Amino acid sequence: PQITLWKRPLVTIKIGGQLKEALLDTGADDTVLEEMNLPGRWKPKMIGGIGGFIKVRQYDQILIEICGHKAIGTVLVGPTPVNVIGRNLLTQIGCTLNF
C-alpha cells in the first residue's frame, strides 16, 4: 500500500499474541514498544531522543506482523509514549520513502 503523511502513519501490529497500534517510523533505527510482559530473556538498554533517554528491555528474534507482513527481529520494550516500528523491521516488510 501507499501511506500518505497528512496524519500519523499508525498501523495495527501483532506481537506476543497481542494486537497493538504502532507508527511506521523511518526516524527510528530500532523498534520500541509499550511495556509488555514478553516471555524470554532480555538485556537492559537506554535509548534517547528528544527530551532525553529512557530505560527499555531488549528482546531479540521477536515475531511481529505489521499490516499482514511478517517480520522477525529486535524489539525494545519500556515506558515509551508511542509505539514505533523502526527501520530494523520496516526493511523486512519492504517499506520505502518515495517523493
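When you see a residue number, it is the position in the sequence shown, counting from 1.
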| remark: Mean Cα B-factor check, 44 to 52 vs 65 to 73, entry values; winner is 65 to 73
| query | Can you tell me which stretch has the higher mean Cα B-factor, 53 to 61 or 34 to 42? | reply | 34 to 42
| task | Could you say which of 78, 9, 86, 16 has its CA atom at the highest B factor, as listed in the PDB entry? | result | 16
| Ranked by Cα temperature factor within the chain, is residue 2 in the lowest third, the middle third or the highest third? | highest
